[PDB]
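Worksheet: one structure, shown below.
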Amino acid sequence: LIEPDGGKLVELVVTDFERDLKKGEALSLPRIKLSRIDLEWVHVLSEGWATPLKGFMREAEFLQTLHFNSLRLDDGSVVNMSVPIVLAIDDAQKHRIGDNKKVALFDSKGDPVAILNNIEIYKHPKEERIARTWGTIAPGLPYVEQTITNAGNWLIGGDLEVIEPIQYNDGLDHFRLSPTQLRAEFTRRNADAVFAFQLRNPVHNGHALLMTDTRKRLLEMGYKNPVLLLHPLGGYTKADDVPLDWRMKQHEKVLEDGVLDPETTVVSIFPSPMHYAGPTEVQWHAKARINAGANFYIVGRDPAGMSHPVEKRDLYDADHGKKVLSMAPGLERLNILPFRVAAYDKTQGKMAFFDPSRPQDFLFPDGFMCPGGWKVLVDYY
Amino acid sequence: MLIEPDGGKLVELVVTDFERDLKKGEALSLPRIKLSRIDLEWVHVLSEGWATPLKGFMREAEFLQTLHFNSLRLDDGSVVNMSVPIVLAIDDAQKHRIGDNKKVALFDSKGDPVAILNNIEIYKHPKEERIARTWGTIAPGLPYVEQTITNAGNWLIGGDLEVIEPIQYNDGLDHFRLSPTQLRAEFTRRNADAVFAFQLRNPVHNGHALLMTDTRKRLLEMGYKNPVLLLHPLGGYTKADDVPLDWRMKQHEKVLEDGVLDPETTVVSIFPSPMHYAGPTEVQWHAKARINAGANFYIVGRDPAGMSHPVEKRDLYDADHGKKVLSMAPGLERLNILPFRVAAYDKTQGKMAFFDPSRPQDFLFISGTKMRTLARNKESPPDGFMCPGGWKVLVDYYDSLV
Ligand SMILES: Nc1ncnc2c1ncn2[C@@H]1O[C@H](COP(=O)(O)OS(=O)(=O)O)[C@@H](O)[C@H]1O
Ligand SMILES: Nc1ncnc2c1ncn2[C@@H]1O[C@H](COP(=O)(O)OS(=O)(=O)O)[C@@H](O)[C@H]1O
Numbered sequence: 049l050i051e052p053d054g055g056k057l058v059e060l061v062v063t064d065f066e067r068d069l070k071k072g073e074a075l076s077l078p079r080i081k082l083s084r085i086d087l088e089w090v091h092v093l094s095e096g097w098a099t100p101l102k103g104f105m106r107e108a109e110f111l112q113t114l115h116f117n118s119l120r121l122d123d124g125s126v127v128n129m130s131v132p133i134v135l136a137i138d139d140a141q142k143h144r145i146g147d148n149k150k151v152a153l154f155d156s157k158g159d160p161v162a163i164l165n166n167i168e169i170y171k172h173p174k175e176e177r178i179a180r181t182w183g184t185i186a187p188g189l190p191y192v193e194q195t196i197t198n199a200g201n202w203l204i205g206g207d208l209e210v211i212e213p214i215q216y217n218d219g220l221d222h223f224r225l226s227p228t229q230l231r232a233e234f235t236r237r238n239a240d241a242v243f244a245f246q247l248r249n250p251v252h253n254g255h256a257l258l259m260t261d262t263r264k265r266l267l268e269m270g271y272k273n274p275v276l277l278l279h280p281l282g283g284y285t286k287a288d289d290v291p292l293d294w295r296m297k298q299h300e301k302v303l304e305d306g307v308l309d310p311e312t313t314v315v316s317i318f319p320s321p322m323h324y325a326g327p328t329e330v331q332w333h334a335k336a337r338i339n340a341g342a343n344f345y346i347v348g349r350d351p352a353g354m355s356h357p358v359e360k361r362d363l364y365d366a367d368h369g370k371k372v373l374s375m376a377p378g379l380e381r382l383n384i385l386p387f388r389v390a391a392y393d394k395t396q397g398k399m400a401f402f403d404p405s406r407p408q409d410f411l412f429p430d431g432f433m434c435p436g437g438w439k440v441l442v443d444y445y
Numbered sequence: 048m049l050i051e052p053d054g055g056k057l058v059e060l061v062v063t064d065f066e067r068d069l070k071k072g073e074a075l076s077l078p079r080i081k082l083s084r085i086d087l088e089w090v091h092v093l094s095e096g097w098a099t100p101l102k103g104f105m106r107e108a109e110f111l112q113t114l115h116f117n118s119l120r121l122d123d124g125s126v127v128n129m130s131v132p133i134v135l136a137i138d139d140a141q142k143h144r145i146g147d148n149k150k151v152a153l154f155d156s157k158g159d160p161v162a163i164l165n166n167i168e169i170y171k172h173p174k175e176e177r178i179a180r181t182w183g184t185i186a187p188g189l190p191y192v193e194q195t196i197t198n199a200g201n202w203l204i205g206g207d208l209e210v211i212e213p214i215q216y217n218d219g220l221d222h223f224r225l226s227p228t229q230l231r232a233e234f235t236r237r238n239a240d241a242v243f244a245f246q247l248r249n250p251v252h253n254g255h256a257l258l259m260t261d262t263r264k265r266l267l268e269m270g271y272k273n274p275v276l277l278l279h280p281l282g283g284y285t286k287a288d289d290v291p292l293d294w295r296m297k298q299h300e301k302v303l304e305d306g307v308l309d310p311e312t313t314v315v316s317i318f319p320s321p322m323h324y325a326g327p328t329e330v331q332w333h334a335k336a337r338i339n340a341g342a343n344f345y346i347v348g349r350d351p352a353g354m355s356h357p358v359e360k361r362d363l364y365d366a367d368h369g370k371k372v373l374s375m376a377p378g379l380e381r382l383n384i385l386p387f388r389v390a391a392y393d394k395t396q397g398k399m400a401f402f403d404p405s406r407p408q409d410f411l412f413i414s415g416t417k418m419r420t421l422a423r424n425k426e427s428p429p430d431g432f433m434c435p436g437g438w439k440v441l442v443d444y445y446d447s448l449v
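Top line first, the protein sequences correspond to chains H and A.
Numbered by the authors' numbering, the letters in the first sequence go through residues 49 to 412, 429 to 445 in order.
Sequential numbering of the second sequence, starting at 48, is according to the authors' numbering.
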């Protein structure tokens with residue numbers, strides 16, 4: 049099975065039992081209250097989705113991420129790191145911490161979630177951080193409006209100890225498998241290959257085509273036990289799009305109508321918030337999937353893309369995600385599976401790859433989505 | 048020995064004498080692109096191996112690596128620094144005229160064939176995304192951007208560049224335009240054991256001099272017996288309100304003449320790159336080109352390659368980021384970075400010295416605008432901020448603008 053970055057998973061949840069010891073130690077330190085998205089990053093960090101990141105990003109790590117989309121290690125080593133994972137902090141909170149080297153991170157219930165050790169506070173260069181991550185500045189960037197635009201002229205990083213595994217209690221916690229649980233589950237099936245499929249949307253037959261086509265390629269490649277890791281992203285997503293709970297139902301119906309084989313598919317939820325930062329973000333979608341133990345990564349067109357909040361176009365070129373991914377630092381050992389655009393073929397009755405020689409044949429609808437999956441979606445709506 | 052050009056060997060793109068005549072003829076047959084002043088500067092940069100091991104104008108693959116990773120991957124799987132796009136933009140017409148030719152000729156202004164671009168590929172030119180990832184911002188009034196990007200074509204052409212003749216301007220400064228090979232040959236003649244480079248775009252004041260003389264001191268203390276300063280003013284495109292290259296050279300020559308810097312242990316040469324004004328991103332490029340010139344030490348201060356935000360007034364960049372970003376940049380690890388903090392005029396010592404935050408009221412900051420204001424007002428900066436000869440050249444430059 050493919051090894052995590054650095055050689056081992058770096059999980060940051062304290063042992064059983066220092067949880068009481070750490071709950072108590074937290075009572076003597078200053079307090080920062082997490083917002084919803086902060087806690088999701090804590091959740092991300094805890095399970096080791098950003099291995100070997102030892103906590104919220106210090107200044108040198110933040111800069112490395114912005115400029116190079118990578119992190120250097122104790123050897124000359126470079127791993128992929130394409131998104132700032134940062135805790136923002138306002139003026140009153142900075143003073144309130146003063147000269148403390150340990151701060152405590154509390155959830156909105158008022159309980160101690162985590163201890164941040166050996167902290168450093170530094171400036172929050174908002175415009176530049178945004179320009180370097182999204183490749184634009186325009187207002188209306190959903191992730192930017194949350195957690196960046198409005199609050200925090202400082203950042204605080206350091207080594208993080210997470211007290212208790214994060215549970216949202218929304219009724220979906222049984223889907224949120226850790227990287228090491230997924231590795232427990234792939235090794236459970238004697239999987240000789242794991243192909244991941246990142247998605248933020250409901251599955252249609254185009255997405256299925258990419259997945260079904262990947263199977264045969266791996267069987268034709270010699271693999272006896274290929275496993276599809278279907279991975280809806282379940283962190284923050286824009287209010288517009290279809291919420292996680294409905295998508296999970298939709299996927300349940302897709303897996304039901306045989307369009308995807310449940311016998312060889314693991315469904316799990318990726319805890320990370322969505323950046324909507326195109327080629328920059330897709331590297332992170334891939335980075336995590338490596339740490340989750342997937343050695344093949346499916347990428348289609350315009351991954352993690354969206355329309356420009358102002359102008360009449362897409363933020364990004366649709367082919368760049370593929371291209372950038374296939375040369376991204378620390379992602380070389382990952383097997384990339386690039387695909388072209390799938391749309392509805394009118395000559396045939398199904399989804400098929402777009403044929404530039406006969407554009408008149410494609411619509412962008430019977431066979432476009434499995435009618436079971438369309439029930440969830442027509443209900444929800 | 049001197050530090051290696053990265054990839055191993057310098058990669059020059061100038062054809063040999065033998066093939067020279069042949070190439071011009073082959074060039075006159077090809078579809079042709081007329082080079083802007085800045086395009087020609089990049090051709091110069093490419094020709095002499097300043098961007099070694101880059102084989103010409105960037106292909107789409109090389110363009111993306113530059114924007115996202117600030118590095119190029121080599122065929123052995125190693126990387127080298129590459130933080131600024133070196134590209135060639137063309138419009139719908141030019142594209143259409145090129146058609147399906149795989150070879151195109153680059154012509155100067157006016158009429159002369161300067162290069163052939165081989166095995167070309169034309170790809171989309173995403174200007175906004177390009178400006179954001181390179182400059183850290185989008186804002187009207189970024190000078191390099193306004194000069195070659197915002198009015199440029201929606202396409203880029205890359206390929207293998209063959210430069211027919213070594214570029215000369217014949218402006219009375221060609222004797223200072225040393226190639227990296229020529230620079231390496233001069234360092235070796237001096238038996239230098241340490242080559243410390245000072246990139247600059249501005250007139251030399253005594254703050255810059257402090258950086259350079261402290262460096263020589265550190266190097267001597269480290270054990271080096273013949274440390275050599277590469278005083279290396281940038282000479283390609285700069286914004287027009289800046290002091291032009293020819294005045295800066297006269298100013299630099301006065302600084303060496305007054306003994307502020309030592310003419311015997313200094314090489315003075317002009318760096319032919321255009322100026323990006325892109326701080327932490329651009330500064331990597333300033334360093335990478337210097338490795339290729341054989342400098343194994345690189346001096347860097349506060350806000351390298353920076354400028355004020357054009358629209359609002361704060362700096363474009365955090366002044367400490369250049370040093371940091373340089374110290375961890377891919378492919379620059381083998382270069383010795385020599386970081387400095389702010390130098391400023393110390394009223395209490397009557398000298399340029401390193402800024403002391405515990406007594407900030409002691410320090411005077413003198414900007415280019417202030418210098419121009421003083422000159423108009425018939426006054427001078429404090430005694431010791433700039434050597435008299437250098438300052439005199441500047442008052443003459445200010446007077447010429449009248
Ligand atoms: N019509 C399509 N044709 C080919 N690939 C697609 C198509 N739509 C989405 N994809 C790919 O399917 C994967 C999932 O994308 P989405 O769920 O729509 O959003 S994304 O943010 O996760 O990229 C991505 O790899 C994307 O590139
Ligand atoms: N007052 C200063 N104190 C310390 N370093 C400085 C100072 N002014 C400029 N520098 C440094 O001197 C070098 C050249 O500066 P400039 O000529 O103004 O512009 S630059 O584009 O070449 O960086 C850079 O390393 C810069 O950081």
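Ideal Cβ positions, reconstructed from N, Cα and C, are used throughout, including at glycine.
Query raised in the report: If you run the structure through DSSP and keep just helix, strand and coil, what is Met129(A)?
Result: coil
Query raised in the report: What does a CB cutoff of less than 6 Å around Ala239(H) pick up in its chain, not counting 5 residues either side in sequence?
Result: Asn273, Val275
Query raised in the report: With respect to the beta strand (DSSP E) encompassing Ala376(H), which residues constitute its N-terminal and C-terminal limits?
Result: That residue, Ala376(H), is in no beta strand (DSSP E); it is neither H nor E in DSSP.
Query raised in the report: Taking just the CA atoms, how far does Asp409(H) sit from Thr395(H)?
Result: 6 Å
Requested in this report: Consult DSSP for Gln246(H) and reduce its assignment to one of helix, strand or coil.
Outcome: strand
Query raised in the report: Taking only beta-carbon atoms, is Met375(A) less than 8 Å away from chain H?
Result: yes
Query - Proximity to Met296(H) [Cα-Cα], best of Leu82(H), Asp53(H), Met354(H), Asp218(H) - result: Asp218(H)
**Report entry** For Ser414(A), the nearest candidate out of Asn343(A), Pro250(A), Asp367(A), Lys425(A) (CA to CA)
**Finding:** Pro250(A)
Query raised in the report: Is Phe104(A) close to chain H, meaning its C-beta is less than 8 Å from at least one C-beta of that chain?
Result: no
Report task. Output the distance between the C-alpha atoms of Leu87(A) and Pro213(A), rounded to the nearest integer angstrom. Result -> 11 Å
Query raised in the report: Does the beta carbon of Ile185(A) sit closer than 8 Å to a beta carbon anywhere in chain H?
Result: yes
**Report entry** Spatial distance of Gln194(H) from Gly283(H) (CA atoms)
**Finding:** 13 Å
Query raised in the report: Which residues in the same chain have their Cβ closer than 8 Å to the Cβ of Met105(H), if we skip the five residues on either side of it in sequence?
Result: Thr113, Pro132, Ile133, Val134, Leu203, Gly205
Query raised in the report: Whole beta strand (DSSP E) runs in the stretch 321-361 of chain A with 3 or more residues, listed along the chain?
Result: 344-347
Report task. Please report the residue range of the beta strand (DSSP E) in which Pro280(A) lies. Result -> 274-280
**Report entry** The alpha helix (DSSP H) enclosing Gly437(H), as first and last residue numbers
**Finding:** 435-444
Requested in this report: Grab me the residues of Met129(A)'s own chain with a C-beta within less than 6 Å of its C-beta, minus the 5 sequence neighbours each way, in chain order.
Outcome: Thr113, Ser118, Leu119
Query raised in the report: Per DSSP, residue 5(A) forms a beta bridge with which residues?
Result: Since the first and last residues shown for chain A are 48 and 449, residue 5(A) lies out of range.
Query raised in the report: Under the criterion of a Cβ to heavy atom distance below 7 Å, does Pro190(H) qualify as lining ligand 1?
Result: no
Query raised in the report: Any residues in the stretch 257-273 of chain A with a beta carbon nearer than 8 Å to a beta carbon of chain H? Which ones, in chain order?
Result: none
Query raised in the report: When you compare each of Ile178(A), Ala179(A), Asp147(A), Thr181(A) to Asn166(A) by their alpha carbons, which one comes out closest?
Result: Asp147(A)
Report task. Determine the extent of the alpha helix (DSSP H) in which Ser118(H) is found, giving its start and end residues. Result -> Segment 118-120 is the beta strand (DSSP E) holding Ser118(H); no alpha helix (DSSP H) there.
Query - Positions along the stretch 108-135 of chain A whose CB lies within less than 9 Å of some CB in chain H - result: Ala108, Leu111, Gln112, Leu114, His115, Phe116, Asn117, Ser118, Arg120, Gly124, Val126, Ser130
**Report entry** According to DSSP, residues forming a beta bridge with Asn253(H)
**Finding:** BP columns for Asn253(H) are empty, so no partner.
Report task. Flag this pair as yes or no: are the beta carbons of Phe223(A) and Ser316(A) separated by less than 8 Å? Result -> yes
Query raised in the report: What number of angstroms, rounded off, separates the C-alpha of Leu379(A) from the C-alpha of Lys425(A)?
Result: 45 Å
Query raised in the report: Under 8 Å, do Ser94(H) and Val58(H) count as touching if we go by C-beta distance?
Result: no
Query - Contact between the stretch 303-316 of chain H and the stretch 155-164 of chain H (3+ Cβ pairs under 8 Å) - result: no
Query raised in the report: Under 7 Å from any heavy atom of ligand 1, does the C-beta of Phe243(H) make it?
Result: no
Query raised in the report: Is the closest heavy atom of ligand 2 to the C-beta of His323(A) under 7 Å?
Result: no
Query - Proximal residues to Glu73(H) (C-beta, below 7 Å), its chain only, five neighbours per side dropped - result: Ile163
Requested in this report: Sort out for me which residues DSSP pairs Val151(A) with in a bridge.
Outcome: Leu164(A)
**Report entry** For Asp221(A), the nearest candidate out of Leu247(A), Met269(A), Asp293(A), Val242(A) (CA to CA)
**Finding:** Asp293(A)
Requested in this report: Identify each residue in the stretch 153-175 of chain H for which the Cβ-Cβ distance to at least one residue of chain A is less than 8 Å, and report them in chain order.
Outcome: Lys171, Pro173, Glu175
Query raised in the report: chain H beta carbons: is any one of them nearer than 8 Å to that of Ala199(A)?
Result: no
Report task. Go to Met296(A), then tell me how far its beta strand (DSSP E) extends in each direction, as first and last residue. Result -> Looking at the DSSP string, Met296(A) is not in any beta strand (DSSP E); the run it does join, the alpha helix (DSSP H), is 292-304.
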